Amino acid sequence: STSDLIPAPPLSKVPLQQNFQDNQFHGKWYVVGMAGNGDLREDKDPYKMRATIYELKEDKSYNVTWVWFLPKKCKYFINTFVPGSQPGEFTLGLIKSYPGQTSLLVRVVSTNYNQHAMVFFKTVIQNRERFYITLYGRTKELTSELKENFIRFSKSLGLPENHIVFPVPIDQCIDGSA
C-alpha cells in the first residue's frame, strides 16, 4: 500500500558537526552505508555511487568528484559545493558536468576526519524533496558501533530498515590514480 517518498524531516532534526575543519575533510572517502527516502525497488541510481573526492579550492569551495560502479563500466560526475550559512553546510555552485537542475542542500552531521563521516543531502526533483544519508570511511570498513549509530540516525528521520544498505566493498572504479 506503499508511498513513493518518506516525507523530508524538519532541518531542526539534522545537526551539524561542531567546529567543522574544511582542510581536514579534504580528500577521498569510501561509501560504507547509504539510506534514502525512495523505495530501493525503484530508486536505483544513487546506490551506484561508491566513492567521493572533496577537493578544497583557494576560494573555500570544494570541487567534488562522484564515482559510480556499473557491472561493465565506471561513470563519473563533477559539481561544486559553495559554503552555506554555517561551517559544515553547503549549496550547489553553477560549475558542473551535467545540465540537470540547480538545487542541493548539504549538511555534515558527524566526522572525526581520519575514520568516519556522516553527510545529509536534500534535493528538489519534479517539485518534491528527495533526501539521502551517506556513512563514509577513510578505509573500506567501519566498526559495528559506528554502523549501528548511522542506522539509529536514519530511523530518527523516518527511514525503515529496508531503506538502509551497506554495499560489499569493491576494487573497480574507486581505486586507480584519482
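Residue numbers here begin at 1 and follow the sequence given.
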According to the deposited model, is the average Cα temperature factor higher in 6-14 or in 21-29?
6-14
For 54-62 versus 116-124, entry-based mean Cα B-factors point to 54-62
Options 142, 70, 34, 49 - largest CA temperature factor per the record:
70
Lowest, middle or highest third of the chain for the C-alpha temperature factor of residue 138?
lowest
If you rank every modelled residue in this chain by C-alpha B factor, which third holds residue 103: lowest, middle or highest?
highest
Going by the entry, which third of its chain does the Cα temperature factor of residue 80 land in?
middle
